[PDB]
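The block underneath contains the structure these notes are about, expressed in structure tokens.
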Amino acid sequence: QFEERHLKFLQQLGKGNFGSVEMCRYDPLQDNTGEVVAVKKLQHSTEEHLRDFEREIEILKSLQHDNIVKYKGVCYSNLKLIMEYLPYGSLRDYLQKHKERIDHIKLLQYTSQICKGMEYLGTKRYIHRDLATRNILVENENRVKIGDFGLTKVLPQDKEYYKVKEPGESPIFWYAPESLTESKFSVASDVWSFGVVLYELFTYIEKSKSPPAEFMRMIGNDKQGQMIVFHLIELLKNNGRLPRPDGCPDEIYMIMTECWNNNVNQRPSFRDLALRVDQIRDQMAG
Ligand SMILES: O=C(Nc1c[nH]nc1-c1nc2ccc(C[NH+]3CCOCC3)cc2[nH]1)NC1CC1
């Protein structure tokens, strides 16, 4: 267990969907040699949010995979989540800064790694509901892990989707059509969101070309609030889609579009996605 009082703040790391994450030193000997860790805490520690956060903790805790940020422990008073600190930040920021000097062999290594993290997630009947480069952490040049399980849901035994009311703030531009119209979330809607993560990676996080900027362009920048969703549904219903990023290999663009399939059952599995992505990296390499 970790004791609250030995956590020494160093710096903020970031805010996610409902909390905050700090860089801290667990230094129980006060001589300043202790382990640097990542720490999550609730900004608005409601009784509602406190349940979801402990639910979040219990999900992370139960997930052990090379491509899923490690759980280390909790602190009691209100709860704090202790996690491994990954020094390179979010993939969104790392790729944005180091643009294009990250070649395609690298993007596909991360892609592969993302796929495997999700395949295992799904093996435990969990649905992330927020797969996005900003929620993916970089350990080092050669490793990313999936993180921020704040919006994750377990499937019921006999259902294969999870229907949510009442929705909080929602990454709509990553949402598959049936999540927007019906609030059905599933392994399949995470696969849709994975297609957008792949789009993100191959745009190198150019800000003019992000999903929000581009979907907003397509439906009209004049669309506001609730209407954005109305027009997005219609757009997606008619095969309005994010364009192929400048320079994107062709068989990477096909993976994107296969994921963004209105027909829910016709989307690839992560098992097939991981195989496919690894196959492309083989031939690139030779
Ligand atoms: O849980 C989170 N992340 C982490 C778990 N373990 N380690 C992290 C983490 N988040 C980071 C955010 C930014 C940075 C970059 N800075 C590191 C120190 O020098 C300046 C740049 C690292 C992060 N590690 N992500 C929340 C912050 C969005």
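Identifiers in this document derive from the order of the structure tokens: chains are assigned A, B, ..., residues are numbered from 1 separately in each chain, and ligands are numbered from 1 in order of occurrence.
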
Within 8 Å of ligand 1, counting only C-alpha atoms and all ligand atoms, residues as a ChimeraX atom specification = /A:12-16,20-23,37-40,69,83-90,134-138,147-148

What are the closest atom pairs, with distances in Å to one decimal, for each residue of region 77-178 of chain A lying within 6 Å of region 201-216 of chain A, using only C-alpha atoms, rows by chain and rising residue number, as CSV?
```
residue,atom,partner,partner_atom,distance
A:96,CA,A:205,CA,5.3
A:99,CA,A:204,CA,5.8
A:173,CA,A:212,CA,5.9
```

Return as a ChimeraX atom specification the full set of residues in region 9-258 of chain A whose backbone-based DSSP assignment is alpha helix (DSSP H).
-> /A:48-61,91-97,104-123,177-182,187-203,211-219,226-237,250-258

Option closest in space to residue 184 (chain A), from A:223, A:6, A:159, A:244 [counting only C-alpha atoms] = A:159

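CA of residue 143 (chain A) is found 9.7 Å from CA of residue 106 (chain A).
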
To one decimal place, how far is CA of residue 257 (chain A) from CA of residue 117 (chain A) in Å?
->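 Interatomic distance, CA of residue 257 (chain A) to CA of residue 117 (chain A): 20.9 Å.
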
Find the spatial neighbours of residue 236 (chain A), counting only C-alpha atoms, within a cut-off of 9 Å - ignore same-chain residues fewer than 4 positions away - and output them as number ranges by chain.
-> A: 176-177, 231-232, 240-241, 260, 262

Using DSSP on the backbone coordinates, identify the residues of region 72-254 of chain A assigned to strand (DSSP E); present them as number ranges by chain.
-> A: 72-76, 79-84, 126-127, 136-140, 143-146, 153-154, 161-163, 184-186

Skip residue 62 (chain A) itself and residues of its chain fewer than 3 positions away, then list as a compact mmCIF listing (two decimals) with C-alpha atoms, in the first residue's frame all residues within 12 Å of it, counting only C-alpha atoms.
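The result, written out as part.txt:
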```txt
# COMPACT_ATOMS: atom_id res chain seq x y z
CA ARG A 55 -14.70 1.11 -10.90
CA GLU A 56 -11.93 2.58 -13.04
CA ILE A 57 -9.30 1.47 -10.49
CA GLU A 58 -10.71 -2.09 -10.36
CA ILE A 59 -10.64 -2.34 -14.17
CA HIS A 65 -0.59 -6.42 -20.49
CA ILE A 68 -1.72 -1.18 -20.84
CA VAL A 69 -0.30 1.27 -18.31
CA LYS A 70 0.51 -0.60 -15.03
CA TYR A 71 -1.52 -0.27 -11.89
CA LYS A 72 0.60 0.12 -8.70
CA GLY A 73 -1.82 0.83 -5.82
CA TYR A 120 -6.79 -8.24 -24.44
CA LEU A 121 -9.18 -5.57 -23.14
CA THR A 123 -10.96 -10.69 -23.87
CA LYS A 124 -12.08 -9.37 -20.48
CA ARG A 125 -15.42 -8.02 -21.80
CA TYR A 126 -14.39 -4.39 -21.32
CA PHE A 149 -10.07 3.85 -18.41
```
